[PDB]
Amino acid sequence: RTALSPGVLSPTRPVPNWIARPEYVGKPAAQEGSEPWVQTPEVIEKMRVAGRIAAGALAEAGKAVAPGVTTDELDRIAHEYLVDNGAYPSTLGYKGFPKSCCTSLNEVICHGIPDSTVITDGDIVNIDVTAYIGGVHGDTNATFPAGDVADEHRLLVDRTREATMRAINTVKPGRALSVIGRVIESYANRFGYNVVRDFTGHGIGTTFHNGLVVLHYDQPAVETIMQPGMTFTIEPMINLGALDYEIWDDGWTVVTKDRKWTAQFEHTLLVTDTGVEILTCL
């Protein structure tokens, strides 16, 4: 199975005029990074709706993962589900990004651009989709096997899923945020895996990335304490090989230098009064 190269993009998919666009659509940058990390009860309830819809779009596209299919076709499906449910796909026009989800095969760490790329037997593909509705975002992702995937790669996927769920299950108010990345990295290193450092989880609410950073590796210098009403992603990228990467000329696609495969899972989480609630569930 050869190292991936860029396929060709389908044209911009329309979304109905009546679906509110985030402010950043059609602009070179977003107005984000200084928004409160704790959400009002109103925004939390709305994020339940956005997260539910993202989860559905994820589940739908992931159902179409099969040898023969294009990444572009996964995007079509995710886009349709978001649009049919009244949601704007948050990635569409986010800093110029051209599609409605990210599709990240094999050695693509993250930010892959749905295209003419045809999935083959044994590949793994991450699909990351975000919903914007009622003025808020919800983001979820998962890595899906295509065909007869090698044990090596199944285990990577299952272990990355597990790391993520372990980390989620440590979320509680009064606990150090740094606990997330300690749990993740300790679990990954157990199997000889390497945790991506340069890409992180983030606060999410009325803005896509509100400036809160959630590290997935052990970094006990972070002082941030989790508080009820905080909303953020946990989204570890976990590599079979070394952390060294390249970005393609499209400006988005992140690939492992060594071309070894990598996996990722993600939810949008609420810190409740007593623990956690996963917002990106069906």
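We number the residues from 1 along the sequence you see.
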| item | value |
| --- | --- |
| Mean Cα B-factor comparison, 199-207 or 106-114, giving the higher one as deposited | 106-114 |
| Greater mean Cα temperature factor according to the PDB record, 21-29 or 267-275 | 21-29 |
| C-alpha B-factor winner, where the candidates are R161, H137, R76, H153 | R76 |
| Chain-relative CA temperature factor third for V129 | lowest |
| Relative C-alpha B-factor of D250, binned into the chain's lowest, middle or highest third | highest |
| Record-listed C-alpha B factor of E35: chain third | middle |
| For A64, the third of its chain into which the C-alpha B factor falls | highest |
| CA B-factor placement of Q227, once the chain's modelled residues are sorted into thirds | lowest |
